Number of protein chains: 2
Amino acid sequence: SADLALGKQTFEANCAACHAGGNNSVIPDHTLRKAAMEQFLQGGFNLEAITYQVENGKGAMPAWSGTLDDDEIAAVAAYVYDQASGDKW
Amino acid sequence: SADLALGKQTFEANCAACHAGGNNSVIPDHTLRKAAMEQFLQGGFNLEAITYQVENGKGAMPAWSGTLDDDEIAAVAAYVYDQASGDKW
Ligand code: HEM
Ligand code: HEM
């Protein structure tokens with residue numbers, strides 16, 4: 001299913017630098033919150049969209065394929081998704 | 001067994017700050033290599049000694065029992081142990 005522990009640690013080790021607190025320090029309005037994603041994430045607010053962006057990157061956001069493994073990409077995507085849907089940031 | 005992927009991400013998120021590359025930026029000779037640990041780690045170079053220090057801390061090194069859960073502690077201890085034994089640092 002979803003290893004949110006692996007998710008959280010992967011998030012801290014690789015994403016926190018630009019997305020601490022569910023925010024976006026590079027492009028301020030493209031945060032990791034539900035609303036923002038529903039509006040800016042290509043593919044919609046769903047696990048598929050998040051995973052695809054993590055794998056391939058987007059603009060100033062780097063690609064994580066070949067850096068993270070599918071388990072790590074999957075867990076971090078679930079973590080981001082769960083934090084967002086639950087308003088947990 | 002302890003998941004080494006979780007171990008790697010836990011190490012990066014929480015330990016890399018002072019132990020990047022298996023080194024020690026605070027007390028230079030107290031590195032994460034087998035020899036160093038054989039000499040300085042209470043209990044000698046073994047998985048259990050590593051786990052105990054991570055849980056409890058030592059001097060300037062903080063304790064992690066609050067910050068990390070048992071699976072993350074077990075995983076990071078295994079990762080550090082495997083890196084040192086294979087001289088992978
Ligand atoms: C870590 C592996 C990581 C994750 C997870 C992550 C997620 C992510 C999402 C879901 C978005 C979409 C948000 C939205 O409202 O559309 C997104 C967007 C951007 N990110 Fe990211 N991101 C991760 C890592 C990083 C890192 C390391 C940086 C900084 C160098 C970063 C930056 C950005 C930027 C910029 C965007 C917007 C991309 C665009 O639409 O142009 N992310 N990220
Ligand atoms: C992350 C959770 C983490 C781990 C793993 C870790 C391991 C570790 C070991 C096994 C030793 C012993 C090395 C030896 O040769 O004896 C050790 C020692 C020290 N560490 Fe550490 N460490 C982790 C995290 C941190 C962090 C974030 C810092 C810096 C703030 C830090 C620093 C130190 C220091 C200093 C020591 C020496 C302790 C002493 O004997 O006086 N560690 N670490």
Side-chain angles (χ1 to χ4, degrees), chain A, chain B residues 1-23 25 32 54 62 64-84 86 88-89:
Chain A
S1 312
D3 189 4
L4 295 181
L6 175 63
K8 180 172 163 71
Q9 300 301 127
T10 293
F11 184 84
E12 293 180 357
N14 309 99
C15 326
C18 305
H19 296 293
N23 292 316
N24 195 322
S25 57
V26 183
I27 301 292
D29 66 342
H30 287 222
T31 59
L32 299 195
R33 307 211 166 77
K34 192 185 195 304
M37 281 185 285
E38 297 202 282
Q39 183 187 349
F40 306 119
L41 180 57
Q42 173 204 331
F45 178 50
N46 51 69
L47 197 38
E48 263 306 272
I50 297 168
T51 304
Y52 191 70
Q53 185 139 314
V54 174
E55 298 175 322
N56 307 290
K58 189 69 191 175
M61 179 165 149
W64 298 94
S65 299
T67 299
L68 302 179
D69 75 25
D70 37 274
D71 299 306
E72 296 167 335
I73 287 170
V76 78
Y79 175 72
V80 166
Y81 183 86
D82 174 76
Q83 291 287 282
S85 63
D87 295 32
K88 302 170 182 177
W89 295 109
Chain B
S1 201
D3 172 18
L4 293 184
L6 176 64
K8 189 184 175 189
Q9 296 306 120
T10 291
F11 181 85
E12 292 175 0
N14 311 93
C15 326
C18 304
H19 297 292
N23 295 309
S25 53
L32 298 201
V54 170
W64 300 88
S65 311
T67 305
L68 312 172
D69 69 13
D70 295 57
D71 286 337
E72 294 167 340
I73 286 177
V76 77
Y79 174 82
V80 171
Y81 182 87
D82 296 352
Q83 294 288 284
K88 291 242 288 161
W89 291 125

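Chain letters run A, B, ... following the sequence lines, proteins first and then strands; every chain starts at 1. Below, all heavy atoms of this structure are taken into account, side chains as well, without hydrogens, waters or symmetry copies.
A pairwise comparison of heavy atoms in B:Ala2 and B:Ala78 identifies CB-CB, 4.0 Å as the closest pair. Scanning both residues, A:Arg33 and A:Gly22, for their nearest heavy atoms gives NH1-O, 3.6 Å. Of all heavy-atom pairs spanning A:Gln53 and A:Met61, the tightest one is O-CE, 3.8 Å. The shortest heavy-atom contact between A:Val54 and A:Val76 is CG1-CG1, 4.3 Å. Annotation for A:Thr31 and A:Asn24: closest pair CG2-N, 4.0 Å, computed over non-hydrogen atoms. Shown here for A:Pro62 and A:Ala60, the closest heavy-atom pair between the two residues is CD-O, 3.3 Å.
Here the OG-CG distance, from A:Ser85 to A:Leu47, works out to 10.0 Å after rounding to the nearest 0.5 Å. Rounded to the nearest 0.5 angstrom, A:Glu55 CD and A:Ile73 CD1 are separated by 5.0 Å. Between atom CD of residue A:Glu38 and atom CG of residue A:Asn46 there is a gap of 10.0 Å, rounded to the nearest 0.5 Å. Remark: B:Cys15 SG to B:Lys8 NZ distance equals 13.5 Å, nearest 0.5 Å.
The aromatic rings of A:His30 and A:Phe40 lie parallel to each other, their planes meeting at an angle below 30°, with 60° marking the opposite boundary. Using a 30° and 60° split on the angle between ring planes, A:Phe11 and A:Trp89 fall in the tilted class, from 30° to 60°.
Between the side chain of A:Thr51 and the backbone N or O of A:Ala74, no donor-acceptor pair lies under 3.5 Å. At distances below 3.5 Å, at least one donor-acceptor pair connects side-chain atoms of A:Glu72 with backbone N or O atoms of A:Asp69. Under a 3.5 Å cut-off, the side chain of A:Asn56 and the backbone N or O of A:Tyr52 do form a donor-acceptor pair. The main-chain N or O of B:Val80 is never found under 3.5 Å from a side-chain atom of B:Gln83 such that the two would form a donor-acceptor pair.
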Between A:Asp71 and A:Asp3, is a side-chain contact (heavy atoms from CB on, under 4.5 Å) present by the stated rule, with each step listed?
CA-CA 8 Å; A:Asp71 299 306; A:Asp3 189 4; over 6 Å; no

Would you check, one step at a time, whether the test side-chain contact (heavy atoms from CB on, under 4.5 Å) holds for B:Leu32 with B:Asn23?
CA-CA 6 Å; B:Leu32 298 201; B:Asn23 295 309; over 6 Å; no

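Around CG of B:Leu4, the count of heavy atoms belonging to other residues, nucleotides or ligands within 6.0 Å exceeds 12.
For the 3.5 Å distance criterion, the side chains of B:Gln9 and A:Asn14 qualify, holding a donor opposite an acceptor.
Considering only residues two or more places apart in sequence or on other chains, A:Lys88 meets the side chain to side chain donor-acceptor pair (under 3.5 Å) condition with A:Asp82.
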